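Enquirer: Quick one: experimental structure and sequence below.
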Amino acid sequence: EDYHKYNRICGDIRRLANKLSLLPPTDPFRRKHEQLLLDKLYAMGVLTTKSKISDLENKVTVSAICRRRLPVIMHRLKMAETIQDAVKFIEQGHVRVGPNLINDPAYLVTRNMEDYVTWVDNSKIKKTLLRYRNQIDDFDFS
Amino acid sequence: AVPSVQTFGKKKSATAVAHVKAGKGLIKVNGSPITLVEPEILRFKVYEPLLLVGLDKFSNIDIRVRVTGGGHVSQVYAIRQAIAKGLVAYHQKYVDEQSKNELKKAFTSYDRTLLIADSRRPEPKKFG
Amino acid sequence: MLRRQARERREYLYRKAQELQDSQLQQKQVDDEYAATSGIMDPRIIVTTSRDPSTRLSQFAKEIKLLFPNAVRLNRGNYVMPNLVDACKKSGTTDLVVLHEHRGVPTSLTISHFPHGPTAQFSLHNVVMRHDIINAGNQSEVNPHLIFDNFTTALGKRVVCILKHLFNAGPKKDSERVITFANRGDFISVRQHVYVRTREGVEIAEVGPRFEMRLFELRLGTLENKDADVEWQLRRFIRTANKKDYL
Amino acid sequence: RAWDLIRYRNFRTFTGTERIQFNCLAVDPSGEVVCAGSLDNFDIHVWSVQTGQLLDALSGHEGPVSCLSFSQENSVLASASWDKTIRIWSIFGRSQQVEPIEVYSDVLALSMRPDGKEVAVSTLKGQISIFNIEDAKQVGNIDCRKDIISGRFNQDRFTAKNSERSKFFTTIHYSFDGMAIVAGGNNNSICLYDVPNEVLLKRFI
Amino acid sequence: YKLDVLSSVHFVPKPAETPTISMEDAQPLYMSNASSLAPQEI
Amino acid sequence: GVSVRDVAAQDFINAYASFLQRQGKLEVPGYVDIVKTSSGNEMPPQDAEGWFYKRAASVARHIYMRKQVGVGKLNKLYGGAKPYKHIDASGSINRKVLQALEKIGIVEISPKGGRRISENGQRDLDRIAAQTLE
Amino acid sequence: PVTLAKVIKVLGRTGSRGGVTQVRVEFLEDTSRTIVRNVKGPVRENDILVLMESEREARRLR
Amino acid sequence: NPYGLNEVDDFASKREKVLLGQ
Amino acid sequence: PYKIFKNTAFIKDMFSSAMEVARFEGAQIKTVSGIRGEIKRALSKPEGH
Amino acid sequence: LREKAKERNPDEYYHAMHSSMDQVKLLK
Amino acid sequence: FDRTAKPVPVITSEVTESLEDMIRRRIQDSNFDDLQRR
Amino acid sequence: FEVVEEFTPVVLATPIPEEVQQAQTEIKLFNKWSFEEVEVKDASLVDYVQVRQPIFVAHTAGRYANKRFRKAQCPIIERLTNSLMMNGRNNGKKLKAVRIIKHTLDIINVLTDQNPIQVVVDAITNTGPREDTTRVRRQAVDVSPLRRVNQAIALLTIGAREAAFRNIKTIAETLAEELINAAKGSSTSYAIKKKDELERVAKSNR
RNA sequence: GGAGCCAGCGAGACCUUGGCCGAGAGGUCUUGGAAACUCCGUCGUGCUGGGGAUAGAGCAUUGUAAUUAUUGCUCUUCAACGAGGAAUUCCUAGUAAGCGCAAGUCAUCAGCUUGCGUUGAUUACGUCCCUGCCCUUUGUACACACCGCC
Ligand SMILES: [Mg+2]
Ligand SMILES: [Mg+2]
Ligand SMILES: [Mg+2]
Ligand SMILES: [Mg+2]
């Protein structure tokens, strides 16, 4: 497993904060880009809760970025046994994040889109799930 | 395997499960014919889908319905919704989509409740 | 949505743990559920009652509606509690008030703040409605002034915080309507008065109603969630209950 | 942001209290109310064009608002969502009323008849459903799943015919005559339909 | 740009002496600056 | 092919109620004329001559619908509302009915207690079921 | 004989008594001819009323 | 949990263990 | 006790009539096991319960 | 267990989902 | 015999007089614990 | 010329009564009255006496109180059945209202051979008050068609109810005779008396 | 009077499925740990087959040691009550209202409180005319448009 790219993102975040910390505290420009930075990091979900710049210096980690990867989310969300199984389902095109189908395991879900990750309507495996409960509806095509 | 489809129809706590398969025109609820459903006054409601698209489409199929929960009227509405949805699902998965479009058009034209659940969720009309 | 409400619930309980440790460390501001909206968006209130309410409870529910400026009374016929809370959340309601009675006499009053609580339950004693007054007249529905007295403990501040946000922000300085919550041995007395500033003092006229409310449960969640973690409960069978004070 | 086009200047800007990301907008024909929808709140913010103040936030959606439109004549507001329902808002007048209508699946796009008596909505199932606003009852439906053309991506490891990446229309619009609807999506096809007959007039690559 | 491409479902292009030609303008050429001021402003 | 469930309950019961009466082999206890079938009731059955035979016919149908039945169920099934107590039916009349049917051979003692439709009785029930249809 | 008249406009702010609406109606016999009337029931545009008398001119009812 | 838990889920798991212990 | 509903319970033979019960509302009571309790209200039927 | 039942993801998928008295006992 | 719980308070005239005196005092000083726009 | 959509005889192994087959031919109220030949004689009551959607039974469970004018879309028979159920003790018992209306229509057909639903429409049209009075004393004002329909239904049902409240006559027969008399326009019907009284009072305070 | 049947909440010896007696109440021997409603019939405008208070006579249960009450059943007896003055309270969709079922989970409740499901409406959903409660009379308000000293 290689994390060179994720390391580059985390390092760049630290460099941006360090360059910010250099700027005068009273500068209005410094304050907003800090808040804008914290906002986007919150928006993606890598910041689980709203934090401060000091926390953004250390709380950001590769694992946090890895945590937001689509196959990982399903694993917590219990769709797949393991990350490999999740990747295969993403690969086969059975996973749907809101209005659009995602076949890329490398995609990460933003915080808002987490609630809408769900399997495509006509996936054969949904038919297994509703078959197990005996709640399959052929009218709904699933 | 024998062709078949399954559907539900819900009204309040009443829930009806319908199995629609190929056959020779057996339409049963709770192991009894449709002609014996009670109350008699509302019997025609259950006939209503049967009565709208015509009984010719049914001569080639058998439906078995099991109803649980709710009261008499709720159960009747569950039966009618279940038969409608089961018919539509069958006429998709083993018959063309054009017959499907005709069935949905007729059903929704006369009354949309046959296909969509009529769930009257609470609504605080007063802003506040 | 069921996924969100659960996630936000899991997030909601997380802050209440986080703030609790922060408060303890400070021991060694407004609560988070209200910090987001305090002084921004006027509270949205719904007042309802138990199933098949008696006439007197219905009259009392109307009185509670008149007490709070932004309260709208809703009839609870056959409504199912998950549906009621779910419906109110869709409408954007901020708090829900449910009143219980015993033989046409109000007994309980429970306040639950949306979307994730807290839920406070009160017991009503010595209730006197304005319909028990002859030739009383109508209320004035200006934004009242609020008086909170003898709330000292941390639980006391919490209770004030719950009741405080039920009214509008920024009453006019010259508003003549004043509502007072006076704590006395955990028995919060609720009074409504209209005052006139005289050349040598102030003269107040009580409008009513009169009733004493005593908190006995406070849970971190909506009143529907019976499994919500209890923030605080009233111990009645402890040997010191007859002389223990909490507010 | 509201723009004057005679003088080409931004005369007014609106915004939510907490910087809500907006995806759709609709404007009163009278030019006095502006409403926008978001994918994160499920509330339809309302602003006054004249004043720039938030009049109120419309609540009632159990899902994210995907689209908005004000009736040109009657001034009703129809909003749809991934909530599998459509709500008609009579904001104007002394009393406010909301009429929700259920739909088979998530609603992605909505169109409004210029007469203002009907509303068309595209769903994830590949269905354009037309309703009667005054009666709140479905009046017609059109199938879209089979007409759409979607090409297997070079990165695809599954067939196009089995693909479900995009067989719905993300955008629709009426013809001003009112007898046709133009539709498109994340696909290679633009399909023009005839509403009263529910048939495909012609498809475009 | 980097955080967007990871989180974008669709295409995201990479963001981009002598007298210079302003290749884009906020206002039409024929419109005159005086005409852009309201009477109250004047 | 014909079955009791394929016949209307009231139609079959009325048809089968007569068959017991026309047959004349069903034992009828002497006190049928002086009972109400429940303490909650207040007057005896109006159709004094045939109510017991109709009572037997209704019981016969239930044993077909439910394979095993005891006097306890029939006590509650034929019970009704009277605050309200929901008194169950008279045990004696039901018990006589079960005994009377098994003399005819319509019913017999089920395993693990209760009563079961006799195979001869099952044919007998179907015979009148087709009779009503035809 | 009783005339018929189709409501074209529901007048607002007319200051009428509670429960009474002032409306304008055009006679079906003569689409041009118009008359202002008081209606007690719930009324809308495009509804037709039975005007027994066609000569009078409505006045505000307080 | 191959990549661990965020703070919020980590807190949730701890109470989950405590309740099961009781 | 003769009838119990979780925390609430009915007691008999302590008092002879509801009159005696009235004087002792709010009284502190405990079981042999040490569960503490309180005399809530008098039952109209039978006397003393 | 109520919280587990309250929070069950309907979309959760696992691979397992694809899958005389004495005389009687002798017979079986 | 001991009482386990607090007696319900009784509203007598002197309690009311003390209450209204406090209310009047607060209005004199304009000391209102009120929510104010932020 | 013939159009043929079926080449085989339709036999259902589960028997269906032939009357239900003739119902498959056309929809009818209780499978015994036809909606094809009904017309509202008075133009004003058109678009508010809705009869163009045929229904087998009055019960529909429709949402008609949601908007200001959904009641106009309601079938008139269902409105009559709903109005029939009053006084509290009869509240919530819709099935019995349906049964009563069925028996009433049977009675109306028995006495008079015309289609009973046509008689229903005629009675509703006739007994609607065209002009009424409002307190200022009184002054006359006109009546909207929706108010005409509502008042007609209320008057007819109230008259039928009160007539048989303590009389040997049952609700069905009194409803039948009230409705027949109203359709004839005779003064015998209670609703016609009240309508004429209201119009006369408007004449006095005209 | 018969017959037909449909729910959802709920689990810290006693419950029980079944058999035998008794008209019933209720006894005795053993195994495991819902109503309203609908269909067919009788009755019939008569304080009547509505009403079941009071009273008498019996058949039983529970304690406890009394001929003590207690809770049910059987017959007879057969009242007030025939829609409610002056006045008054509340109420807009699963709402008013009818219907039953369950739990008594630290406050209040013991045929009372809460919860649950079942049947299910009429009218209104517009107005400031009356009443009452308020808001404004430094556009302050970023274009166009309208306005122009309480
Ligand atoms: Mg009620
Ligand atoms: Mg009740
Ligand atoms: Mg109550
Ligand atoms: Mg209103």
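Expert: Yep, it's here. Numbers count the residues shown, from 1 in each chain, chains lettered A, B, ... in the order given. Ligands and ions are numbered 1, 2, ... in the order given.

Enquirer: Neighbours of the residue in chain J that chain C sits nearest to, how many?
Expert: Of all residues in chain J, the one sitting closest to chain C is residue J:7 (5.2 Å; Cβ to the nearest Cβ). Bear in mind the C-beta positions are built from the backbone N, C-alpha and C, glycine included. Using other Cβ atoms under 10 Å in any protein chain shown, residue J:7 has 14 neighbouring residues.

Enquirer: do residue K:34 as well
Expert: As a burial measure, residue K:34 scores 21 neighbours (other Cβ under 10 Å).

Enquirer: Name the helix or strand for the closest residue to it other than its chain neighbours, please.
Expert: Of all residues not flanking residue K:34 in the chain, residue C:146 sits nearest, at 4.9 Å (Cβ to Cβ, 6 or more residues apart in numbering or on different chains). Element membership of residue C:146 [criterion: DSSP states H and E] is strand C:145-149.

Enquirer: ok, that strand: who's next to it in the sheet?
Expert: Paired strands of strand C:145-149, with direction, are strand C:177-184 (parallel) (DSSP bridges).

Enquirer: Within the sheet, what are the partner strands of the helix or strand following the partner strand, with directions?
Expert: Following strand C:177-184 in sequence order, the next helix or strand is strand C:187-198 (DSSP H and E). According to DSSP bridges, strand C:187-198 has the following sheet partners: strand C:177-184 (antiparallel), strand C:201-206 (antiparallel), strand C:210-219 (antiparallel).

Enquirer: Figure out which of those strands is closest to residue L:165.
Expert: strand C:210-219 (45.8 Å; Cβ to Cβ).

Enquirer: what sits up against the closest one?
Expert: By Cβ atoms under 8 Å, 6 or more residues apart in numbering or on different chains, the list of residues contacting strand C:210-219 from outside reads C:106, C:109, C:117-128, C:155, C:158-159, C:186-191, C:225, C:228-234, C:246-247, K:8-9, K:11.

Enquirer: swap in stretch A:72-89?
Expert: With contacts defined as Cβ under 8 Å, 6+ apart, stretch A:72-89 is touched by A:66, A:70-71, A:90, A:95, A:105, A:109, A:114, A:117, A:119, A:125, H:1-3, H:9, J:9, J:11-15.

Enquirer: Please apply the same query to stretch A:40-55.
Expert: A:13, A:17, A:20-21, A:34, A:37-38, A:56, A:59-60, A:64-65, A:67-68, A:108-112, A:114, C:11, C:14-15, E:3, E:7, H:6-8.

Enquirer: Just the buried ones out of those residues, please.
Expert: A:13, A:17, A:20, A:34, A:37-38, A:56, A:59-60, A:64-65, A:67-68, A:108-112, A:114, C:11, C:14-15, E:3, E:7, H:6, H:8 (16 or more other Cβ atoms under 10 Å in any protein chain shown).

Enquirer: Give me the subset of the residues you listed lying in helices.
Expert: Residues from the buried ones among the contacts of stretch A:40-55 lying in helices, with DSSP state H as the criterion: A:13, A:17, A:20, A:34, A:37-38, A:56, A:59, A:64-65, A:67, C:11, C:14-15, E:3, E:7, H:8.

Enquirer: By proximity to chain K, which residue of chain E wins?
Expert: Nearest residue of chain E to chain K: residue E:40, at 30.5 Å (Cβ to the nearest Cβ).

Enquirer: Show me the helices in chain A, by range?
Expert: When secondary structure is read from DSSP H, chain A shows helices at A:4-22, A:28-44, A:53-59, A:62-67, A:70-77, A:83-92, A:124-133.

Enquirer: Which residue is the nearest non-sequential neighbour of residue L:154?
Expert: Nearest to residue L:154 is residue L:83, by Cβ to Cβ, 6+ apart, at 6.3 Å.

Enquirer: sorry, back to before: got JSON lines for the strands paired with strand C:187-198, with mean neighbour count too?
Expert: As requested, the strands paired with strand C:187-198 are arranged in JSON lines below (neighbours: other Cβ atoms under 10 Å in any protein chain shown):
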{"stretch": "strand C:177-184", "mean neighbour count": "20"}
{"stretch": "strand C:201-206", "mean neighbour count": "14"}
{"stretch": "strand C:210-219", "mean neighbour count": "20"}
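
Enquirer: Got the phi and psi for the one residue in chain B that gets nearest to chain H?
Expert: With Cβ to the nearest Cβ as the measure, the residue in chain B that lies nearest chain H is residue B:121; the distance is 30.1 Å. When read as degrees, to the nearest 10, the backbone of residue B:121 gives phi -70, psi 150.

Enquirer: Please tell me I have it right and it contacts residue C:87.
Expert: Yes: here residue B:121 reaches residue C:87: they are 6.5 Å apart, a contact under Cβ atoms under 8 Å.

Enquirer: Give me the more crowded residue out of these two.
Expert: Comparing residue B:121 with residue C:87 by other Cβ under 10 Å, the one with more neighbours is residue C:87, at 19 against 11.

Enquirer: contact partners of the helix or strand hosting that one?
Expert: Under the criterion of DSSP H and E, residue C:87 resides in helix C:81-91. Outside helix C:81-91, the residues within contact range by Cβ under 8 Å, 6+ apart are B:121-124, B:127-128, C:44, C:46, C:48, C:76, C:96, C:112, C:114-115, C:222-224, D:59-62.
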